[PDB]
Amino acid sequence: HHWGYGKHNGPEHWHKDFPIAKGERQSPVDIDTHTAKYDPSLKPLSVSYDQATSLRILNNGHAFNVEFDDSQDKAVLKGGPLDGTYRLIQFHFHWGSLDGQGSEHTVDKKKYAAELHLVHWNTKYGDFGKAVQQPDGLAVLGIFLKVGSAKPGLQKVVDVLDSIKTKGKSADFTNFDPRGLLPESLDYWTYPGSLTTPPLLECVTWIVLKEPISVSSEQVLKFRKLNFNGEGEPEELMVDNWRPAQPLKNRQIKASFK
Ligand SMILES: [N]S(=O)(=O)[C][C][C][C][C]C123[B@@]45[B@]67[B@]89[C@]1%10B81%11B698B746B814B562B%10%1143
Ligand SMILES: [N]S(=O)(=O)[C][C][C][C][C]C123[B@]45[B@]67[B@@]89[C@@]1%10B81%11B698B746B814B562B%10%1143
Ligand SMILES: [Zn+2]
């Protein structure tokens, strides 16, 4: 609708149009590493992206989405805390105006420079739109970004951003391999939560990887040249498109690792 990240339409305003913003399972959250309990019942995460077929990249005025063909069983997330099979539909990032902020989840109150979200829907609900209406409809794999060495697998994304500067622009983006965005380790934390953008639906199993990826300062600087505005509108840099941590309420965060 007209929500965004500014002083006048940002996270503190969202509840007026999306009252679930004050709900019982909102995301993101601070991950208190000492309180998160190791769960030996948790399985290794199975990330099967060998046949992923990226299609397009879109500036939607909030972030940019790299979209996948999800019409066949091709890029799936399984195992971990999940029951069943979840299909990759898109990924996007949240990032800051400065390297000291940008992530949505925090780790013992630490903010990372950015956070990648790989969004998957539970195939038992047939389509993404039906899945978001279910408490176990989505699985979002979250990966922190810190600034250091460049991430070679990110560069193809960085280089297409000049072609989608403004809201509503898209570009063909085929043959992109999202495996190049993963860290070495698949150790994770998990908890039940929500979309971090309106409509804030409480339909997500969050899986947040412990190990951040490193990206270069130049890579994140190019994220910060994107625009929230449309073409021919006053320039508003796309920065600080993150929701802050929300109350944990009656939830437990579980760790896959000791
Ligand atoms: N930051 S995050 O929690 O990873 C967003 C997860 C994916 C939301 C996609 C959408 B797409 B359609 B259904 C769900 B609602 B509509 B539009 B609205 B947008 B929101
Ligand atoms: N609850 S919500 O969806 O976050 C909407 C909150 C009020 C939106 C009103 C506006 B729209 B954008 B930003 C704020 B300034 B500019 B245009 B102007 B009108 B007023
Ligand atoms: Zn997100």
Side-chain angles (χ1 to χ4, degrees), residues 2-6 8-23 25-29 56-68 70 75 77 86-96 101-106 111-122 125-129 131-145 157 167-168 170 178 181 188 190-209 223 226-230 233-236 238-246:
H2 278 82
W3 66 267
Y5 292 96
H8 306 291
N9 65 352
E12 305 311 309
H13 292 272
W14 295 349
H15 73 99
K16 292 178 277 170
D17 290 277
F18 305 94
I20 203 175
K22 298 183 186 296
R25 59 173 277 189
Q26 290 290 291
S27 294
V29 298
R56 192 176 76 139
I57 192 174
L58 171 69
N59 178 336
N60 63 18
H62 303 298
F64 64 84
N65 293 346
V66 172
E67 298 165 353
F68 290 78
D70 70 345
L77 187 66
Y86 291 68
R87 201 172 289 173
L88 179 65
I89 181 166
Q90 54 105 320
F91 70 78
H92 62 275
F93 303 79
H94 306 262
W95 63 91
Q101 65 196 47
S103 67
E104 296 207 305
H105 295 88
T106 57
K111 295 174 168 76
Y112 288 88
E115 187 174 330
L116 167 58
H117 289 160
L118 296 128
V119 180
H120 313 74
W121 55 272
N122 192 329
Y125 301 122
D127 73 62
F128 179 88
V132 296
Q133 302 178 61
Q134 317 303 326
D136 62 348
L138 304 184
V140 184
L141 180 59
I143 306 180
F144 295 120
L145 283 61
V157 173
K167 179 178 185 176
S170 63
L181 299 176
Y188 63 89
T190 183
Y191 75 96
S194 75
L195 313 180
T196 70
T197 48
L200 302 169
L201 297 172
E202 291 181 337
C203 62
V204 180
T205 302
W206 278 95
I207 300 166
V208 178
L209 297 190
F223 286 16
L226 289 165
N227 284 183
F228 285 130
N229 54 283
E233 292 173 2
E235 187 168 35
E236 308 175 322
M238 185 179 281
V239 294
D240 294 318
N241 58 350
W242 50 277
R243 190 190 192 189
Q246 302 299 308

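Counting starts at 1 for both ligands and their atoms, in listed order. Numbers here are sequence positions counted from 1. Side-chain atoms are counted along with the backbone in the values below, which use heavy atoms only and exclude waters and symmetry mates.
Ring to ring, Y112 and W95 are not that close: their centroids are 6.0 angstrom or more apart.
For ligand 2, the polar-atom distance check finds an N/O of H13 within less than 3.5 Å of one of the ligand's N/O atoms. Looking at ligand 2, you'll find an N or O of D17 within less than 3.5 Å of one of its N or O atoms. An N or O contact shorter than 3.5 Å links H92 to ligand 1 by distance. Annotation: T196 places an N or O atom under 3.5 Å from an N or O atom of ligand 1; distance criterion only.
In this structure, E115 contributes its side chain and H94 its backbone to no donor-acceptor pair below 3.5 Å. Checking side-chain atoms of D70 against main-chain N and O of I89 turns up no donor-acceptor pair under 3.5 Å. Using modelled atom types, no side-chain atom of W14 and backbone atom of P19 make a donor-acceptor pair closer than 3.5 Å. A donor-acceptor distance shorter than 3.5 angstrom exists from the side chain of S27 to the backbone of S194, with no hydrogens or angles considered.
Between atom 7 (C) of ligand 2 and the options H8, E12, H15, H2, the minimum heavy-atom separation is to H8.
For the atom pair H15 NE2 and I20 CD1, the distance stands at 14.5 Å (nearest 0.5 Å). For the atom pair NZ (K111) and CH2 (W242), the distance works out to 5.0 Å, reported to the nearest 0.5 Å.
Within a 4.0 Å radius of atom 16 (B) of ligand 1, the protein has no heavy atom. Protein heavy atoms are found inside the 4.0 Å sphere centred on atom 20 (B) of ligand 1. The presence of a protein heavy atom under 4.0 Å from atom 3 (O) of ligand 1 is confirmed.
Atom numbering of ligand 1 starts at 1 in the shown order; those under 4.0 Å from a heavy atom of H94 are 1 (N). Distances below 4.0 Å separate heavy atoms of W3 from the following atoms of ligand 2: 3 (O), 4 (O). Atoms of ligand 2 found under 4.0 Å from any heavy atom of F18, numbered from 1 in the order shown, are 3 (O). In the vicinity of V140, heavy-atom distances shorter than 4.0 Å reach the ligand 1 atoms 4 (O).
Here the side chains of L200 and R243 are in contact, with some heavy-atom distance below 4.5 Å.
Closest to atom 7 (C) of ligand 1, if we only count protein heavy atoms, is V119 CG1, 3.9 Å. Closest protein heavy atom to atom 13 (B) of ligand 1: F128 CE2, 3.5 Å. In this structure, the protein non-hydrogen atom closest to atom 18 (B) of ligand 1 is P199 CD, 3.7 Å.
Remark: distances from the non-hydrogen atoms of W206 to ligand 1 include one below 4.0 Å.
By the 30° and 60° cut-offs, the orientation of the rings of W3 relative to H62 is parallel. Ring geometry, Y5 versus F228: the interplanar angle falls under 30°, so the pair is classed parallel (tilted spans 30 to 60°).
With the Zn ion (ligand 3) as vertex, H94 NE2 and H117 ND1 subtend 100°, rounded to 10°.
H92 contributes atom NE2 as its closest N/O/S atom to the Zn ion (ligand 3).
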*Step-by-step side chain to side chain donor-acceptor pair (under 3.5 Å) determination, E235 to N227*: CA-CA 7 Å; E235 187 168 35; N227 284 183; 2.9 Å; yes
